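Form solved without the named molecule, single chain, as structure tokens, below.
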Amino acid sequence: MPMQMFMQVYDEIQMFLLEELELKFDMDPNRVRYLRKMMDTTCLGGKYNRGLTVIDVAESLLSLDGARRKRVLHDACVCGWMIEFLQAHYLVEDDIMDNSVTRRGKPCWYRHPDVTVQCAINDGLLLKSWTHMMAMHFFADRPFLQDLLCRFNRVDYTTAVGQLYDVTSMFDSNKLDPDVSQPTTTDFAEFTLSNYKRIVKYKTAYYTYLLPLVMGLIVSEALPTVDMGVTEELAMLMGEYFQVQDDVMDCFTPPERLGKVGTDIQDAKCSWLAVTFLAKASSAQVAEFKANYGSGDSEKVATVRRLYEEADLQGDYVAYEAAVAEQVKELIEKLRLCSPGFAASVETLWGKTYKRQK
């Protein structure tokens, strides 16, 4: 059922935005059609975990007239599309930054035959413009509007800061200087767990975990009823683990199941696998990694992969996952004490995360 109201609201949103462009922005039906295709290609096709979480948190909190339920759940649906549109935006631009080929078993937006890279960049930011435009339209008379926008913008900013951490992680930050060219790091001295945890906290955790929970609480008018200290701890922990999962799958999960080809090795990313391998590797193994990392050459890539399985990384992953589950279980119970319906929805979100195959 939630998927049904969600997809009805997508149409509501799509119609408001495309008709506004027709009527107030002088747009021709040729471009309206292009934008319609763009929206559908970029915003649909996923599992909508972020947006569906907003709905579930809302449905979990309606208690702590059936008109209110209808209004609150519609508000949640709009909020859910705001995060789905935001991630739509993030992924269009990220695929460009990461030189990716496919996404959900289709070409990346910028990789479509009639999308130029310069138009893809612009399309990507229109997606983010729509997130604000939809909020202002659907929530114009809602008192939570200001708080919602403020929190949403902070999270977006947080994510762009994390993207900076990601995209500059393979350059020696002491040598960071607009005026001087610098090659990829050769010593990898910054590929540390502490540095990994920072990239992933900022670029993933806030928008993937905190934001949906927070938006769910806002449309419920229930925010100040939860322990926000514990909520953020939980969001940071699940968010980190989610990105470790993403990083592991990038290397080890068949692209046909993932829907996308991995680029982290080629792009010389500070992944979970890279940091954890380098922390434990022999000098000999580090030498071979350095000789093979961050190149498109397919044997070099397979070398890195071999090194990873040689150093029992999957063993380290299982142990990390159990340590995470342990901490997540504890925090949910701390949450259960004063917010049992909210704690229930966090458990459901955790259930969508723990040991996902995707």
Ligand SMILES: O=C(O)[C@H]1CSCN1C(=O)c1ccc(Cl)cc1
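Residue numbers run from 1 along the displayed sequence. Only the largest set of C-alpha atoms that superpose within 1.5 Å between the two forms is called the rigid core.
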Next on the checklist: What about residue 215, left without coordinates in a third or more of the other entries of this protein that model its neighbours?
Outcome noted: no
Checklist entry - How about residue 157: is it missing from at least a third of the other entries compared? => result no
Checklist entry - Count of coordinate-less deposited residues separating residue 64 and residue 65, as none, 1 to 3, 4 to 9, or 10 or more? => result 4 to 9
Checklist outcome for this item: Comparing 125 to 133 with 111 to 119, the higher average Cα temperature factor in the PDB entry belongs to 111 to 119
Checklist entry - Between 150 to 158 and 283 to 291, which has the higher average C-alpha B-factor in the PDB entry? => result 283 to 291
Item to check | Given 89, 71, 269, 203, the residue at which the Cα B factor reaches its maximum | outcome: 71
Item to check | Per the PDB entry, maximal CA B factor within 213, 228, 79, 167 | outcome: 228
Checklist entry - Would the CA B-factor of residue 141 place it in the lowest, middle or highest third of its chain? => result highest
Item to check | Assigned third (lowest, middle, highest) for the C-alpha B factor of residue 233 | outcome: middle
Item to check | Chain-wide C-alpha B factor ranking for residue 54, given as lowest, middle or highest third | outcome: lowest
Checklist outcome for this item: For residue 208, the third of its chain by CA B-factor is the lowest
Item to check | Chain thirds of CA B-factor: placement of residue 190 | outcome: middle
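Absent from the display: the form deposited with the named molecule bound. The rest refers to it.
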Item to check | Heavy atom of residue 308 within 4.5 Å of the named molecule in the deposited complex | outcome: yes
Checklist entry - Though only this chain appears here, would residue 253 touch the named molecule in the deposited complex if you measure heavy atom gaps against 4.5 Å? => result yes
Checklist entry - Given that the partner is absent here, does residue 62 sit within 4.5 Å of the named molecule in the deposited complex, heavy atoms only? => result no
Next on the checklist: Using a 4.5 angstroms cut-off on non-hydrogen atoms, would residue 298 count as touching the named molecule in the deposited complex?
Outcome noted: no
Item to check | Of 35, 313, 324, 27, the one that lies within 4.5 Å of the named molecule in the deposited complex (heavy atoms) | outcome: 313
Next on the checklist: Looking at 237, 230, 73, 248 here, can you tell me which has any non-hydrogen atom within 4.5 angstroms of the named molecule in the deposited complex?
Outcome noted: 248
Item to check | Single mover in 167, 119, 268, 155, with Cα shift of 2 Å or more between the shown form and the other one when the core is superposed | outcome: 119
Checklist entry - Is it true that residue 333 shifts between the shown form and the other one by 2 Å or more at the Cα, once the core is aligned? => result no
Next on the checklist: Tell me whether residue 27 is among the residues that move between the shown form and the other one (Cα shift of 2 angstroms or more, core superposed).
Outcome noted: yes
Checklist entry - Superposing on the rigid core, do we see a C-alpha displacement of 2 Å or more at residue 95 between the shown form and the other one? => result yes
